[PDB]
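Undergrad: Sharing the initial chains of the complex here, in place:
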Amino acid sequence: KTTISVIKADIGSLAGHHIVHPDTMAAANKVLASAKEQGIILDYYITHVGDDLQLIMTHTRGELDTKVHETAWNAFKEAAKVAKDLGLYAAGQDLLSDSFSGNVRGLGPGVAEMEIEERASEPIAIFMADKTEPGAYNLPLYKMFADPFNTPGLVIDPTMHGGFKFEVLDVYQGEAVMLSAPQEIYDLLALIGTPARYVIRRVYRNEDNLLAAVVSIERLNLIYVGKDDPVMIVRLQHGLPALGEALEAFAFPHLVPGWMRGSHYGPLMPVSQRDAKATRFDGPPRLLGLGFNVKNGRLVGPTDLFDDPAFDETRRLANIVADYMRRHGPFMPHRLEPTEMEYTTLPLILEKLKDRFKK
Amino acid sequence: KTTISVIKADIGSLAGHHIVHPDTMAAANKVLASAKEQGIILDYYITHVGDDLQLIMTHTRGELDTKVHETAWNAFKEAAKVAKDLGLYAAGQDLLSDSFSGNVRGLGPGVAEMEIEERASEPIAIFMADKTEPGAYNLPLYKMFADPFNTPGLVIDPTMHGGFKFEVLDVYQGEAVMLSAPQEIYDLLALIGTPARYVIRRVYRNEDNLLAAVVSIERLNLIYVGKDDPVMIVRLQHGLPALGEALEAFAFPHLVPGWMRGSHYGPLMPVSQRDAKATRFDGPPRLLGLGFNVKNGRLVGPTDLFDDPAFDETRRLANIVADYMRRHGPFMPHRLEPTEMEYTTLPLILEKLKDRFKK
Amino acid sequence: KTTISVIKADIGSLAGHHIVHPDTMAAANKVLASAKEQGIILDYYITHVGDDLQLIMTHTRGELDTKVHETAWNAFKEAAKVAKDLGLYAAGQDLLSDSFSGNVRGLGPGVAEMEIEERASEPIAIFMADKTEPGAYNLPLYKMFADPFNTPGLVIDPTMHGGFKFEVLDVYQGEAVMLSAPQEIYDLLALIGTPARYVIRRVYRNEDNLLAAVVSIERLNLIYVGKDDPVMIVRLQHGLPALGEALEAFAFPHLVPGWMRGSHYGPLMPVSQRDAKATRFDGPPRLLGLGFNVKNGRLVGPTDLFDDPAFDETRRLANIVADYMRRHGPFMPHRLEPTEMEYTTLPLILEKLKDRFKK
Amino acid sequence: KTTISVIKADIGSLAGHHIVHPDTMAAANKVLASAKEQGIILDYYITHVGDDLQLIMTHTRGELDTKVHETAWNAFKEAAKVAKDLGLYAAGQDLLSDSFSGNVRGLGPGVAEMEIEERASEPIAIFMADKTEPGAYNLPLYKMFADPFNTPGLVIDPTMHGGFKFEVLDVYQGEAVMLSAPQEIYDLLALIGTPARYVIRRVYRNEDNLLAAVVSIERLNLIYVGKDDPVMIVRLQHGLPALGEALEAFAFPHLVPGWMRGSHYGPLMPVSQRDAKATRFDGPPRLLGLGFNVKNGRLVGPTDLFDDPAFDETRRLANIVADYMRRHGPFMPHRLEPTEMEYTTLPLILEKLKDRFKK
């Protein structure tokens, strides 16, 4: 029984909400190195995507474990202290509600965890994104596990003919429903087509209920606000989507909510580790993909999945679409709908014009 | 005192919500020919864009005139009768609530009217669109009358330095506010950036309050539903935007709400009269632009504005963007937000899954 | 009760298997004009696509009617006589087994027929192609009636939520199976993905079994040979795919079997009536689409569906892909698999090299 | 007398059928280092392409030598043991019939060998590919040795005017025929145009029967299955194709069988060593090319042939074509013909629908 835990948080960044400073990751490493030595975790890999510090850990303490999460929290705290000493922007952003930044602060780390029984070989792909929200994975997951034009295994691999089912979470009501594909795909799409309300949290294979994927998503809180910059774990091969079928689902840089000030739609841009930073208009939204093999709680890898020429046109299209969207300025659909904007002056404007509006 | 009235309505179309059949326009012509002979109207031009029959009329009976509107209604009725006899699809669509079609029916004709005092020369541009809504003109109008990067006259023509003001209608509350540019552009944009709620209905020059533009838009009704496929009249030159500045505002094929089943965002495609028909995915949304000179109530013209090579790249970009958007399938932002979809199965789906949703 | 019958045949063409000569269609018109006068048929429209003369007829004699088919045969015979007198190439090609041409001759006319009860309004799209086979419509039909990324109505139109079922014909065994979507789409695709063996012949709406589409396809004959250059009739709107959803299925110029010497894969190119002729490499395969409204057995229209700018990029991509495929020369996958080639020298080659092959 | 032996095998890979892990190659190196020390082989170079570990060895033990092959087998075994300890996917794939993977396992290493008499200078190019089959080299070889539009030497170099002959193997019958170019090129093409049945195994210069090229291909076995991911050795210059003429044959990224689940056609993408890994849709198929000079059994080099800007457009075209092919989903010609698919559910589907098929 092995648990793969991907916990991330924004603890500050250089020159804006741009990139995680190496020194902060070094601080996080000392903490996890100790946790590994103490036997709390079996292995780990630390990296970043944009201004989000990523903690990939394997252990045998199951999902939602207090000690693993506390270990992650201490890692972020130590990283935040370095960020503060370095005077980085938004130091401790996701940890302190009063940190120095203008976006939603102090919501805590985002998490994607799956406790599983390692198969003979356990290949997995971990995706981490910056400048977007959990619903960003709805389209990719649907394609990976239900679209026969994306995953031919559904049609030509006997072991996958049974299909997969999706656990869809209503982030507002805090309730989840299980929909099976293929016969409920029209129902499924009617829901997940609205990423701000319905998000795929987990995916299971129909034939044996094997857990195949998990997304970092939790119901909204009224302070309605929720965490962003999602992570996802996808189990691959042998009856589950091949690495290539999972990657095929990201070949199209679809428009996702987020980007600048968490108030726009922009193309998801799959990038290499070195290109995992937010620049133009605080983006475009960046997607990092790392492949691993989990062996007895150990992390073999990673292999940088999108750092390959097969995604060069995906990135070029992302840049072209980014320019096109930007020519819309503050107009929908480039700007998000009123209630979904992380930043807004509408309430203040209407207040100022209350007596100027005529019947 | 001359009134320019553009009244349009869908009275049926060939092979779907594709194109207005010539025979139906011929019927409408007989009616307006009689009205002109009777002196009700001074002149007129009939055409179409997609499945919307357009009645461009000039007269001296002012805005919201019962006889002019009744004349228009009779023209549409006669056209609808021919559509019915020809077995066209959605015959009498906008006139009968029970016409044969699946979209919103019987809401009545859309109207854009402006009563003015003809200047020495009165050049105007009339824009008519199919497969989108009134808010589609928000971005173009803002550019035409407030964006110095679109209309250099605002910066280099002394007669335009004073700027323009916009009458913005809250289509839900049924109230309008006047915002002046330049000093209130940030306030203006905070509103019109949401085309489904705030729509520019009229534009005036600040220095003398001269009416410069009018858009077909009326507050929503609860049956919240409203008319679509908008028309707009823009007065040009001599202190008002040049024809070229008005056309510059459409050089960028921005994403507008509508397209297939009035439930998607798609690029507005400026087209010639011959290309004014909906095809791929019932679009892309089509924009027809006609230039005229109004002289003593007479309509000199028209000149097909977008039927020119200067817009060939605009159309190519529209086709490229159309393909890109379509790869999103039933997912936002290609699909509209839940409450804005003209068609939806969500209510029925949630009802069906009410007991399957778990807390 | 109205029957729409599309019957086509190659009766000769100018300068090769290039285009139908106007004089031959004039001869066919005299025959149908008489049939209409005699009351055999209620209406008709004659045209062509490549070297295939098209007879679109509406009547009340049901499917597979001897008199209607005999009328069609006489129309083709008269056209063939003119073709012969004009010395056209392959005169009487599909009517005479010994006509002057090197391809498969004398198989008879291809047919697509559907007897229906006209709805309040009966909009339809008729597709006719040259230089390909019936299976060419498998991908488009699957998209039109089962792919939610093509036809959003399946997801957002309550009247279509029930889905559609496909009658798939095994052209070799002469047996057909009914598969329903959505829950059998993986099974369906496993079959129709092989257009040379499994072809969608008809499509029905699940909720009420309404016939929605028909394709010209008949089981193979051993002389295993079958007819090519297929036609298809698709009923549109009001619970059935919108014209735009049917056209969306052809926005992608997919590779289809046929083209030069019926032995290659080439992109299906949607074209206007004037561009419906085979040129480069006897293609690329051409697709003509005509929209009509059927009213009391009468044909209102047609409207040339693909003669629109929304398909300009589709055609450009077809040309680009055509060049790419051609660089493969006589190699698969540009050349068809051995048993599917209409022309082949393999048997003769192996015979010549029987003693040169060493164990 | 020197023998160049290229022996490759899949012994496991990281995160899927993605890439060979460095540790496994290190294990293989220890084995060959010992073999070299023992005098079994004179020199070697180890690398990979996708999930295939490559052993390039030079020795004086001739073709099909038991000790050289046994040495290769031990190298793979040691690599497989490391792969197993690292928990890599498909550990020992090509060595064990029951290894953990869903594709064809335990068929053994693929081999391309040529025993020759070194010329004054012996320049050679070695090509290794992943995600395709031996027939993939048919088109390139034909161009290199018979197409005057590829190799001008055939027309302007007196020493090459005599031409070359091809040993074509019928992989099903297990028999080979020798065809000479130029006078038998139409016969040759009639055969090699079908890569799944006829594969060029060796190429000889007509004038002196000098062996010029060898491809890894063996007759099929009934367990009809065969090995994939082919290698090829081509001798260059001085009467044989120049390095540039051999590379010219790969400038066009032709469609080859394989890619995802060995059941699709995809463009062959020539890549540098660092880009020799399978990603999008488990590809596109990757081609590694290494140039060497063989001097007294020693391997001087290599030079990474495709890691050069002259192939940047080749790769871009491969990416563009890859996207185009993928839009076909599970449909031919993107999906392979029924009998050529490595994975299939057809047998099971027909069994399930046996009673639903109607006569």
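TA: It's in. Numbering: from 1, shown residues only, chains lettered A, B, ... in the order given.
Undergrad: Quickly note the distance from the residue of the stretch 251-359 of chain A found nearest chain C to chain B.
TA: Closest approach between the stretch 251-359 of chain A and chain C, counting by C-beta to the nearest C-beta: residue A:252, at 10.9 Å. C-beta here means a position set from N, CA and C on the backbone, and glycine is covered the same way. In this structure, residue A:252 and chain B are separated by 5 Å, where distance is defined by C-beta to the nearest C-beta, to the nearest Å.
Undergrad: what's the answer for residue A:284, then?
TA: Distance of residue A:284 to chain B, computed by C-beta to the nearest C-beta: 14 Å.
Undergrad: Pull up the residues of the stretch 201-350 of chain A that are close to chain D.
TA: For the stretch 201-350 of chain A, the residues found near chain D under the criterion C-beta under 8 Å from any C-beta of the partner chain are A:236-239, A:242-245, A:247-248, A:251, A:291-296, A:298, A:300-303, A:305-306, A:308-313.
Undergrad: Show only the entries of the residues you listed found in helices.
TA: Using DSSP state H, the members of those that fall in helices are A:243-245, A:247-248, A:312-313.
Undergrad: Compare these and tell me which has the most neighbours.
TA: residue A:247 (32 neighbours; other C-beta atoms under 10 Å in any protein chain shown).
Undergrad: show me the contacts for that one.
TA: A:125, A:289, A:305-306, D:279-281 (C-beta atoms under 8 Å, 6 or more residues apart in numbering or on different chains).
Undergrad: just residue A:147 next, same as before
TA: Contact criterion C-beta under 8 Å, 6+ apart gives A:154, A:249, C:149 as the residues in contact with residue A:147.
Undergrad: Of those, which is the most crowded?
TA: The most crowded member of the contacts of residue A:147 is residue A:154, carrying 28 neighbours; neighbours defined as other C-beta under 10 Å.
Undergrad: Can you give me the end-to-end span of stretch A:341-359?
TA: With C-alpha to C-alpha, to the nearest Å as the measure, the first residue of stretch A:341-359 is 28 Å from its last.
Undergrad: Now do the buried residues in that stretch.
TA: Buried residues in stretch A:341-359, counted by 16 or more other C-beta atoms under 10 Å in any protein chain shown: A:341-342, A:344, A:346, A:349, A:353, A:357.
Undergrad: element containing the residue in chain A positioned nearest to chain C, please.
TA: Using C-beta to the nearest C-beta, the single residue of chain A nearest to chain C is residue A:183, 3.7 Å away. Residue A:183 belongs to no helix or strand when elements are defined using DSSP states H and E.
Undergrad: Mark which of the residues of the stretch 201-350 of chain A next to chain D are part of strands, please.
TA: Secondary structure from DSSP state E places A:291-295, A:298, A:300-303 of these in strands.
Undergrad: Just give me the closest of those to residue C:198.
TA: Within those, the smallest distance to residue C:198 is 36.8 Å, found for residue A:291 (C-beta to C-beta).
Undergrad: Please tell me I have it right and the closest one contacts residue A:125.
TA: Yes: proximity of residue A:291 to residue A:125 meets the contact threshold set by C-beta atoms under 8 Å, at 5.3 Å.
Undergrad: include chain E too:
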Amino acid sequence: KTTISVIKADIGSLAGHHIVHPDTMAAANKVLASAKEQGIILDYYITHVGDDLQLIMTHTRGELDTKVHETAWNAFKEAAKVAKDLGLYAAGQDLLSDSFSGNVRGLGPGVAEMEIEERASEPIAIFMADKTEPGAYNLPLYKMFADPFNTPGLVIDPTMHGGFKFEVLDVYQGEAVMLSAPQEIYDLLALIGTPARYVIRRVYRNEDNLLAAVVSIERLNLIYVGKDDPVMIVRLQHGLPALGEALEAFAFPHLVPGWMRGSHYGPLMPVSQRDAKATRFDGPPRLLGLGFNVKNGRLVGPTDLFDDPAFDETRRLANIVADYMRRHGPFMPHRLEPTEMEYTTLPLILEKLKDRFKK
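TA: So that you can see how it sits with the rest, here is chain E on the chains above:
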């Protein structure tokens, strides 16, 4: 109270006005290392863009400090001495009026300085350009601080609704005016649209007069000549433009004056540090952008802002536009207007043709 001082100067370059030689920067480093040790400055970063050596220094001695500037001068002097010993071109260019070069020499170092009170976190972006003049920043700054289509914060961030004001310097008259946005943007643009006469020197936030940006620009001198190759400091976040909004203003490679012989208009090309050198036609003009965080007088960073894929299309467009402009040869608008050309032969030509000109 911390002062950020960016002082640059051309002290010689390799192979032309191409690039700063590393040895010269090493000499400059020794000088600043000493100044830091002596406490004159708190921190520094030295780099280059084209042939301009950049000295980024932080200290507490305020703007226009004699000792800081003298320190900079000594740094340049030591660098110039190395340049001279290395025989570099234009050694001491900006320091000596008689240095070996044909352009304007001995004008002295260019400077951009801002004394501020560090905010909780002080993220900044420093831009340095070669082959253009100060006015090059007019368009970018206008967009960053006044264009709602560039900086959505102006519309959706309450803390920025108040807008910004610009200090515009008349470089000829030596007088500056303060214009506020939004209500004076048309006036502002009427001026800054002429970069050779009106240059934005500083930018302030309207609500609290916080200094947000500074540009290196000084009034012209009659020897009318002025310095070129400008630098700019922009304060970011928390009520000021986000890093992404500042970078968005450079996404469009606008035409700027300078390039070859300071007499042409060419596209501003944002580049990485390694690409910060002038090549084709002594350009195109290069823009280096570095992000830092200032903490207690210390410089944390930098992060190379434009060395990211999000600007790849910006650079490609720059190359395309560069070629287009170059086809104009010595004709305006590629060549600058007569009085703005750094090099000219016009005076001599007119003198030579004085008697050949006929009335």
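Undergrad: now with chain E: the buried residues of stretch A:341-359?
TA: By neighbour count on 16+ other C-beta under 10 Å, the buried set for stretch A:341-359 is A:341-346, A:349, A:353, A:357.
Undergrad: List of residues touching it?
TA: Residues from elsewhere that reach stretch A:341-359 (C-beta under 8 Å, 6+ apart): A:102-104, A:261-263, A:335, A:338, B:170, B:173-178, B:186-187, B:190-191, E:152-153, E:155-158, E:161.
Undergrad: Go through those residues and flag which are in strands.
TA: B:170, B:175-178.
Undergrad: quick one: which of these is nearest to chain D?
TA: Using C-beta to the nearest C-beta, the shortest approach to chain D within the ones in strands among the contacts of stretch A:341-359 belongs to residue B:170, at 43.3 Å.
Undergrad: burial measure for the closest one, as a count.
TA: By other C-beta under 10 Å, the residues close to residue B:170 number 17.
Undergrad: So what pairs up with it in the strands?
TA: On DSSP bridges, the residues paired with residue B:170 through beta bridges are residue B:175, residue B:198.
Undergrad: Let me see the contact set for it.
TA: Counting by C-beta under 8 Å, 6+ apart, residue B:170 touches A:357, B:176-177, B:197-198, B:219.
Undergrad: again, only this time at 10 Å
TA: If a contact means C-beta atoms under 10 Å, 6 or more residues apart in numbering or on different chains, then residue B:170 has A:350, A:357, B:176-177, B:191, B:197-199, B:219-220 as its contacts.
Undergrad: What about these, which one has the most neighbours?
TA: For the contacts of residue B:170, neighbours were counted using other C-beta under 10 Å, and residue B:199 has the most, 29 neighbours in all.
Undergrad: show me the contacts for it.
TA: Contact analysis of residue B:199 by C-beta under 10 Å, 6+ apart lists B:133-138, B:141, B:167-171, B:176, B:191-192, B:215-219, B:226, B:230.
Undergrad: Output the set of residues of the stretch 101-250 of chain A in proximity to chain C.
TA: Contacts of the stretch 101-250 of chain A with chain C, taken as C-beta under 10 Å from any C-beta of the partner chain, map to A:139, A:142-143, A:146-149, A:152-156, A:160-163, A:180-191, A:193.
Undergrad: which residues in the stretch 101-250 of chain A form helices?
TA: Under the criterion DSSP state H, counting those that start in this stretch, the stretch 101-250 of chain A carries helices at the ranges A:138-146, A:153-156, A:185-192, A:243-248.
Undergrad: Just say which of those is most tucked in.
TA: When you average the neighbours per residue for each of the helices of the stretch 101-250 of chain A (mean count of other C-beta atoms under 10 Å in any protein chain shown), helix A:243-248 leads with a mean of 30.
Undergrad: just how off-centre is it within its chain?
TA: Taking the mean C-alpha point of helix A:243-248 and that of its whole chain, the gap between them comes to 17 Å (C-alpha atoms, centre = their mean, to the nearest Å).
Undergrad: so residue A:144 makes contact with residue A:181?
TA: No: between residue A:144 and residue A:181 there is no contact, the gap being 11.0 Å when judged by C-beta atoms under 10 Å.
Undergrad: shared neighbours of those two, anything?
TA: Residues touching both residue A:144 and residue A:181 (C-beta under 10 Å, 6+ apart) are A:154, A:164, A:203.
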